[PDB]
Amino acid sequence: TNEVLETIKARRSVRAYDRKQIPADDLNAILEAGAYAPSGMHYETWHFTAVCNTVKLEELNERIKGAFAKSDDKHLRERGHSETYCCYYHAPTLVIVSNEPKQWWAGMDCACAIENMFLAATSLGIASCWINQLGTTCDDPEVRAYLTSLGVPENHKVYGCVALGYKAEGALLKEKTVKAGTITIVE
């Protein structure tokens, strides 16, 4: 083992957050870690829009709910008509990770960046979670108008988001185990 290997195993998806905002230096380190992810052809066409403002996060969540309210999926209409659903779990920071959809691997660039950010965050004692609700909603007219106002490029799609914060006091995680049999070694 080593610190990297242990941080990789220790990374978890956290869905309950303290109100305290993370420090600017930590946010910069986490975003830089995403920036250093591999990208196809070294295109670096991604954008990372770190939203740290509680009012704007709440407004964006309302727009996402509004998009869901338009859906036929029962689970999605239920979110859309909820008075409590918050896709980012009241994390104080959400990083919207977007890319142009030109290359077929566009989302994999983003996932690499996102995984770096999770690991960077874990190494700094900062909880994180993948927030996926902008993938299918980013082209809803009201959601898109909101994203544009935040600085997400209009020609980008949103491939994933990163919630960041401190784990809520007394929030306990399920013990992690992984599926045996995902690995084949051919000698």
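Residue numbers run from 1 along the displayed sequence.
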Query raised in the report: Between 59-67 and 22-30, which has the larger average Cα B-factor in the PDB entry?
Result: 22-30
Query raised in the report: Comparing 7-15 with 168-176, where is the mean C-alpha B-factor higher?
Result: 168-176
Query raised in the report: Hey, out of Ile96, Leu76, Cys87, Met108, whose CA B-factor is highest in the deposited coordinates?
Result: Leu76
Query - Third assignment of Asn132 from its chain's C-alpha B-factors - result: lowest
Query - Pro38 by Cα B-factor - lowest, middle or highest third of the modelled chain - result: lowest
Report summary line: Assert third(CA B-factor, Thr122) within chain per record equals middle
Query - For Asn53, the third of its chain into which the C-alpha B factor falls - result: middle
Query raised in the report: Relative to the other modelled residues in the chain, which third contains the C-alpha temperature factor of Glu83: lowest, middle or highest?
Result: lowest
